[PDB]
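**Student:** Input file: start.pdb. Contents: PDB, C-alpha atoms.
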ATOM      1  CA  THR A  30      56.285  -0.321  96.526
ATOM      2  CA  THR A  31      57.364   3.222  95.578
ATOM      3  CA  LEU A  32      55.238   4.690  92.779
ATOM      4  CA  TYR A  33      56.196   7.727  90.699
ATOM      5  CA  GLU A  34      53.660   7.654  87.838
ATOM      6  CA  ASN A  35      49.914   7.056  87.560
ATOM      7  CA  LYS A  36      48.990   3.640  88.904
ATOM      8  CA  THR A  37      46.024   1.864  90.472
ATOM      9  CA  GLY A  38      46.128  -1.471  92.227
ATOM     10  CA  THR A  39      45.378  -3.482  95.332
ATOM     11  CA  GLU A  40      47.612  -4.633  98.172
ATOM     12  CA  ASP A  41      46.914  -5.963 101.679
ATOM     13  CA  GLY A  42      43.198  -5.603 101.000
ATOM     14  CA  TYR A  43      43.382  -1.887 100.160
ATOM     15  CA  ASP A  44      42.823  -0.346  96.748
ATOM     16  CA  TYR A  45      45.447   2.321  96.076
ATOM     17  CA  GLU A  46      46.004   5.053  93.527
ATOM     18  CA  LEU A  47      48.562   7.670  92.574
ATOM     19  CA  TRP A  48      47.360  10.110  89.937
ATOM     20  CA  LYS A  49      48.690  13.382  88.553
ATOM     21  CA  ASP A  50      48.163  15.282  85.341
ATOM     22  CA  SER A  51      51.725  16.663  85.499
ATOM     23  CA  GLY A  52      54.570  17.225  87.931
ATOM     24  CA  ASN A  53      56.637  15.229  90.398
ATOM     25  CA  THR A  54      54.885  12.702  92.640
ATOM     26  CA  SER A  55      55.999   9.797  94.792
ATOM     27  CA  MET A  56      53.988   7.338  96.875
ATOM     28  CA  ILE A  57      55.398   4.635  99.159
ATOM     29  CA  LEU A  58      52.956   1.743  99.622
ATOM     30  CA  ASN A  59      53.342   0.550 103.205
ATOM     31  CA  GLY A  60      51.319  -2.122 104.983
ATOM     32  CA  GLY A  61      47.553  -2.221 104.898
ATOM     33  CA  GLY A  62      46.002   1.176 104.400
ATOM     34  CA  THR A  63      49.171   3.151 105.110
ATOM     35  CA  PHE A  64      51.226   5.127 102.628
ATOM     36  CA  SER A  65      53.605   8.041 102.354
ATOM     37  CA  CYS A  66      53.659  10.667  99.620
ATOM     38  CA  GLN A  67      55.283  13.812  98.275
ATOM     39  CA  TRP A  68      54.525  16.165  95.406
ATOM     40  CA  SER A  69      56.039  19.193  93.715
ATOM     41  CA  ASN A  70      55.542  21.221  90.525
ATOM     42  CA  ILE A  71      52.164  19.539  90.010
ATOM     43  CA  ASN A  72      48.958  20.896  88.529
ATOM     44  CA  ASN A  73      46.626  18.309  90.102
ATOM     45  CA  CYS A  74      47.593  15.214  92.064
ATOM     46  CA  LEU A  75      46.062  12.720  94.455
ATOM     47  CA  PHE A  76      47.210   9.792  96.597
ATOM     48  CA  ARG A  77      44.700   7.421  98.167
ATOM     49  CA  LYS A  78      44.093   4.078  99.864
ATOM     50  CA  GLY A  79      40.688   2.597 100.607
ATOM     51  CA  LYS A  80      38.256   0.245  98.925
ATOM     52  CA  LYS A  81      36.297  -0.002  95.704
ATOM     53  CA  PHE A  82      33.295  -1.887  97.032
ATOM     54  CA  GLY A  83      32.667  -5.236  95.408
ATOM     55  CA  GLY A  84      28.874  -5.229  95.228
ATOM     56  CA  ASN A  85      26.136  -2.767  94.333
ATOM     57  CA  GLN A  86      24.925  -2.045  97.841
ATOM     58  CA  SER A  87      23.559   0.794  99.934
ATOM     59  CA  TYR A  88      25.450   1.880 103.016
ATOM     60  CA  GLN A  89      22.717   0.221 105.096
ATOM     61  CA  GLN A  90      23.596  -3.063 103.390
ATOM     62  CA  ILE A  91      27.386  -2.669 103.470
ATOM     63  CA  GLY A  92      27.404  -1.901 107.178
ATOM     64  CA  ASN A  93      29.634   0.537 108.991
ATOM     65  CA  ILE A  94      32.248   2.377 106.947
ATOM     66  CA  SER A  95      34.810   4.240 109.021
ATOM     67  CA  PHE A  96      38.455   5.293 108.848
ATOM     68  CA  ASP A  97      40.594   5.211 112.011
ATOM     69  CA  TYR A  98      43.502   7.186 110.647
ATOM     70  CA  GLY A  99      46.497   9.355 111.333
ATOM     71  CA  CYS A 100      48.553  11.523 109.004
ATOM     72  CA  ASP A 101      51.621  13.706 109.452
ATOM     73  CA  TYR A 102      50.480  16.294 106.935
ATOM     74  CA  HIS A 103      52.723  19.087 105.574
ATOM     75  CA  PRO A 104      51.206  20.756 102.497
ATOM     76  CA  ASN A 105      53.070  23.799 101.183
ATOM     77  CA  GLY A 106      50.111  25.301  99.259
ATOM     78  CA  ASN A 107      46.656  24.151  98.100
ATOM     79  CA  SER A 108      45.917  20.643  99.392
ATOM     80  CA  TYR A 109      43.384  18.732 101.410
ATOM     81  CA  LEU A 110      43.141  15.530 103.441
ATOM     82  CA  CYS A 111      39.815  13.731 103.298
ATOM     83  CA  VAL A 112      37.772  10.620 102.792
ATOM     84  CA  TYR A 113      36.799  10.611  99.112
ATOM     85  CA  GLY A 114      34.406   8.452  97.173
ATOM     86  CA  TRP A 115      31.417   8.011  94.896
ATOM     87  CA  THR A 116      27.940   6.557  94.813
ATOM     88  CA  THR A 117      25.898   5.538  91.776
ATOM     89  CA  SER A 118      22.125   5.696  91.209
ATOM     90  CA  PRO A 119      22.255   8.523  92.081
ATOM     91  CA  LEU A 120      25.734   9.556  90.937
ATOM     92  CA  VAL A 121      27.431  11.469  93.770
ATOM     93  CA  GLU A 122      31.057  12.429  94.413
ATOM     94  CA  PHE A 123      31.537  12.879  98.164
ATOM     95  CA  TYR A 124      34.204  14.339 100.434
ATOM     96  CA  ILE A 125      34.713  14.335 104.202
ATOM     97  CA  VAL A 126      37.541  16.829 104.710
ATOM     98  CA  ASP A 127      39.530  16.927 107.963
ATOM     99  CA  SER A 128      42.456  19.169 106.981
ATOM    100  CA  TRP A 129      43.675  21.412 104.177
ATOM    101  CA  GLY A 130      46.524  23.684 103.147
ATOM    102  CA  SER A 131      46.169  27.244 101.879
ATOM    103  CA  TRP A 132      42.511  26.974 100.844
ATOM    104  CA  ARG A 133      39.592  25.423 102.712
ATOM    105  CA  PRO A 134      37.449  23.492 100.187
ATOM    106  CA  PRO A 135      35.060  23.609  98.432
ATOM    107  CA  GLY A 136      34.141  27.279  98.283
ATOM    108  CA  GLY A 137      30.604  28.529  98.234
ATOM    109  CA  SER A 138      28.296  28.522 101.237
ATOM    110  CA  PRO A 139      27.317  25.663 103.585
ATOM    111  CA  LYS A 140      23.761  24.443 104.031
ATOM    112  CA  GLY A 141      24.094  22.788 107.475
ATOM    113  CA  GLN A 142      26.454  21.507 110.151
ATOM    114  CA  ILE A 143      27.135  17.991 111.469
ATOM    115  CA  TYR A 144      28.491  17.448 114.990
ATOM    116  CA  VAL A 145      30.271  14.085 114.823
ATOM    117  CA  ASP A 146      33.616  12.525 115.781
ATOM    118  CA  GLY A 147      34.433  15.365 118.172
ATOM    119  CA  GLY A 148      34.264  18.019 115.459
ATOM    120  CA  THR A 149      31.885  20.313 113.622
ATOM    121  CA  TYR A 150      31.528  19.829 109.859
ATOM    122  CA  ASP A 151      30.081  22.295 107.367
ATOM    123  CA  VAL A 152      27.871  20.570 104.772
ATOM    124  CA  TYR A 153      28.001  21.684 101.123
ATOM    125  CA  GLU A 154      26.286  20.464  97.964
ATOM    126  CA  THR A 155      26.923  21.149  94.285
ATOM    127  CA  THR A 156      25.587  20.047  90.927
ATOM    128  CA  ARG A 157      28.140  19.623  88.134
ATOM    129  CA  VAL A 158      26.406  19.439  84.742
ATOM    130  CA  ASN A 159      28.017  17.216  82.063
ATOM    131  CA  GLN A 160      31.492  17.028  83.602
ATOM    132  CA  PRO A 161      34.020  14.172  83.919
ATOM    133  CA  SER A 162      32.984  11.413  86.320
ATOM    134  CA  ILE A 163      33.393   7.698  87.002
ATOM    135  CA  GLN A 164      30.562   7.175  84.480
ATOM    136  CA  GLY A 165      31.982   9.382  81.736
ATOM    137  CA  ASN A 166      30.927  12.942  80.998
ATOM    138  CA  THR A 167      27.576  13.371  82.758
ATOM    139  CA  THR A 168      25.795  15.243  85.545
ATOM    140  CA  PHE A 169      26.442  14.446  89.200
ATOM    141  CA  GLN A 170      26.114  15.952  92.664
ATOM    142  CA  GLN A 171      28.991  16.615  95.029
ATOM    143  CA  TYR A 172      28.478  16.260  98.782
ATOM    144  CA  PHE A 173      30.992  17.776 101.209
ATOM    145  CA  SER A 174      31.475  17.636 104.964
ATOM    146  CA  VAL A 175      34.352  19.986 105.864
ATOM    147  CA  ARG A 176      35.642  20.231 109.424
ATOM    148  CA  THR A 177      35.515  23.768 110.806
ATOM    149  CA  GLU A 178      39.023  23.352 112.272
ATOM    150  CA  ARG A 179      41.850  21.215 110.934
ATOM    151  CA  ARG A 180      42.810  17.856 112.371
ATOM    152  CA  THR A 181      44.980  15.049 111.007
ATOM    153  CA  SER A 182      44.124  12.008 113.131
ATOM    154  CA  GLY A 183      41.047  10.402 114.602
ATOM    155  CA  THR A 184      38.039   8.450 113.373
ATOM    156  CA  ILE A 185      35.946   9.518 110.382
ATOM    157  CA  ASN A 186      32.670   7.608 110.749
ATOM    158  CA  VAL A 187      31.634   7.759 107.099
ATOM    159  CA  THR A 188      28.317   6.027 107.839
ATOM    160  CA  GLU A 189      27.309   8.874 110.165
ATOM    161  CA  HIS A 190      28.015  11.467 107.466
ATOM    162  CA  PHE A 191      25.981   9.378 105.013
ATOM    163  CA  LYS A 192      23.094   9.220 107.489
ATOM    164  CA  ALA A 193      23.270  12.941 108.261
ATOM    165  CA  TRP A 194      23.378  13.856 104.563
ATOM    166  CA  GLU A 195      20.310  11.710 103.900
ATOM    167  CA  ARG A 196      18.490  13.371 106.813
ATOM    168  CA  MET A 197      19.394  16.732 105.220
ATOM    169  CA  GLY A 198      17.729  15.526 102.003
ATOM    170  CA  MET A 199      20.932  14.467 100.196
ATOM    171  CA  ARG A 200      20.244  11.005  98.765
ATOM    172  CA  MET A 201      22.998   8.366  98.714
ATOM    173  CA  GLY A 202      23.225   5.829  95.906
ATOM    174  CA  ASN A 203      24.941   2.467  96.055
ATOM    175  CA  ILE A 204      28.422   3.027  97.473
ATOM    176  CA  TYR A 205      31.060   2.742  94.755
ATOM    177  CA  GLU A 206      34.277   3.462  96.678
ATOM    178  CA  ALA A 207      35.698   5.270  99.695
ATOM    179  CA  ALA A 208      39.333   6.058 100.415
ATOM    180  CA  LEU A 209      41.603   8.195 102.566
ATOM    181  CA  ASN A 210      42.871  10.791 100.138
ATOM    182  CA  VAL A 211      45.592  13.448  99.916
ATOM    183  CA  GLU A 212      45.034  16.053  97.188
ATOM    184  CA  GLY A 213      47.373  18.715  95.863
ATOM    185  CA  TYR A 214      46.747  21.613  93.510
ATOM    186  CA  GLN A 215      49.459  23.828  91.975
ATOM    187  CA  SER A 216      51.615  23.279  95.031
ATOM    188  CA  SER A 217      54.220  21.111  96.713
ATOM    189  CA  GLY A 218      53.895  19.099  99.892
ATOM    190  CA  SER A 219      54.198  15.804 101.687
ATOM    191  CA  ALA A 220      52.116  13.565 103.910
ATOM    192  CA  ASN A 221      52.744  10.330 105.763
ATOM    193  CA  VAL A 222      49.605   8.319 106.443
ATOM    194  CA  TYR A 223      50.961   6.271 109.353
ATOM    195  CA  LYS A 224      47.570   4.815 110.306
ATOM    196  CA  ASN A 225      44.576   4.015 108.111
ATOM    197  CA  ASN A 226      42.320   1.242 109.410
ATOM    198  CA  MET A 227      39.174   1.117 107.284
ATOM    199  CA  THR A 228      36.171  -0.637 108.805
ATOM    200  CA  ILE A 229      33.788  -2.194 106.254
ATOM    201  CA  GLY A 230      30.866  -3.999 107.845
ATOM    202  CA  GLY A 231      28.679  -4.582 110.826
ATOM    203  CA  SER A 232      27.133  -2.037 113.129
TER     204      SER A 232
END
Let me see whether you can do it: turn the structure in this file into structure tokens.
**Tutor:**
Amino acid sequence: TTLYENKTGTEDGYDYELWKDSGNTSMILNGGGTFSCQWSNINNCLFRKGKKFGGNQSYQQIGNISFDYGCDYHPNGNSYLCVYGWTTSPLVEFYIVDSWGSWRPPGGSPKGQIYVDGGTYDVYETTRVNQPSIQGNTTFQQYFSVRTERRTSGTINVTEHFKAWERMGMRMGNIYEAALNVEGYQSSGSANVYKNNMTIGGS
């Protein structure tokens, strides 16, 4: 229930992962979607809990996807706190970022704004040509919604970001996974996800 090295698994209905390329990481797996983590001397690391979806379905088929979450979030350098996931056909890596450390991701310039869940989100898109992905080295898009001001608790209605992105011409494939995610880059920090209730279904 405390992880220190790369591991993926499932507990209490939530898929979890700790991953780092190097450095010190720890992750306490608490009930349900909740977890606690710390990192130092890392290059890249991530800690996440959510779901790898069991079918090959669109978000209209899966039903509502939302995270009712709360995190006591103390990054010491580069870091962000987000919902993270992928779609396939088309292949998309997506991010809904609510807070960050020293650097607000992803860089570049937004193409729109979404007013949802009491906040304003900047929308970004990238193409990454022949780069590592969940389907090997290949080309994929990245979609980002990044809050204009930091917050660390509330509801992220992922379905509404999906719908807004599609209205802005950003096609969603079948949903592969979605998880509440803490990232670190060349930094130290800690975060306690004390609440993470992931809705999957219905309207």
**Student:** Under the PyMOL selection byres ((chain A and resi 102) around 8), which residues of this model are included? Write them out as an NGL selection string.
**Tutor:** :A and (100-101 or 103-104 or 181 or 219-221)
**Student:** Using all atoms listed in the file, determine which residues lie at most 9 Å from region 72-88 of chain A, disregarding the query and same-chain residues fewer than 5 positions distant; provide the list as a PyMOL selection string.
**Tutor:** chain A and resi 39+42-52+54-56+61-66+93-94+96+112-114+116-117+188+191-192+201-216+225+227+229
**Student:** Using CA of residue 154 (chain A) and CA of residue 138 (chain A) as the two end points, give the distance in Å to one decimal.
**Tutor:**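 So the answer is 8.9 Å.
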**Student:** Please indicate the distance in Å from CA of residue 99 (chain A) to CA of residue 37 (chain A), rounded to one decimal place.
**Tutor:**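 Pair CA of residue 99 (chain A) / CA of residue 37 (chain A) returns 22.2 Å.
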**Student:** So which residues get picked by the PyMOL selection byres ((chain A and resi 106) around 7) here, written as a list in words?
**Tutor:**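 Evaluating the PyMOL selection byres ((chain A and resi 106) around 7) on these coordinates yields residues 104, 105, 107, 108, 130, 131, 216 and 217 of chain A.
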**Student:** Could you please determine the separation between CA of residue 36 (chain A) and CA of residue 224 (chain A) in Å, to one decimal place?
**Tutor:**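 CA of residue 224 (chain A) lies at a distance of 21.5 Å from CA of residue 36 (chain A).
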**Student:** List every protein, DNA or RNA residue that has at least one atom no more than 12 Å from (26.9, 19.6, 83.2) in the file's coordinates, counting all atoms listed in the file, and write the result as a list in words.
**Tutor:**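 Counting all atoms listed in the file, I find these residues within 12 Å of (26.9, 19.6, 83.2): residues 155, 156, 157, 158, 159, 160, 161, 162, 165, 166, 167, 168, 169 and 170 of chain A.
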**Student:** A:189, A:178, A:151, A:97: which is nearest residue 127 (chain A), counting all atoms listed in the file?
**Tutor:**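 Among the listed residues, A:178 lies closest to residue 127 (chain A).
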**Student:** Given 5 Å on each side, where is the centre and what are the edge lengths in Å to one decimal of the axis-aligned box enclosing the listed atoms of region 142-150 of chain A, as lines of an AutoDock Vina configuration file?
**Tutor:**
center_x = 30.4
center_y = 17.0
center_z = 114.0
size_x = 18.0
size_y = 19.0
size_z = 18.3
**Student:** Nearest residue to residue 199 (chain A) out of A:175, A:121, A:32, A:187, using only C-alpha atoms?
**Tutor:**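 Closest to residue 199 (chain A), using only C-alpha atoms: A:121.
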**Student:** Using only C-alpha atoms for the distances, tell me which of A:40, A:143, A:110, A:133 is nearest to residue 58 (chain A).
**Tutor:**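 So, comparing all the options, the nearest one is A:40.
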**Student:** Calculated over all atoms listed in the file, which of the candidates A:71, A:122, A:190, A:183 has the smallest distance to residue 144 (chain A)?
**Tutor:**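 Of A:71, A:122, A:190, A:183, the one nearest residue 144 (chain A), counting all atoms listed in the file, is A:190.
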**Student:** Just checking: using only C-alpha atoms, which residue out of A:147, A:41, A:218, A:195 ends up closest to residue 109 (chain A)?
**Tutor:**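 Nearest to residue 109 (chain A): A:218.
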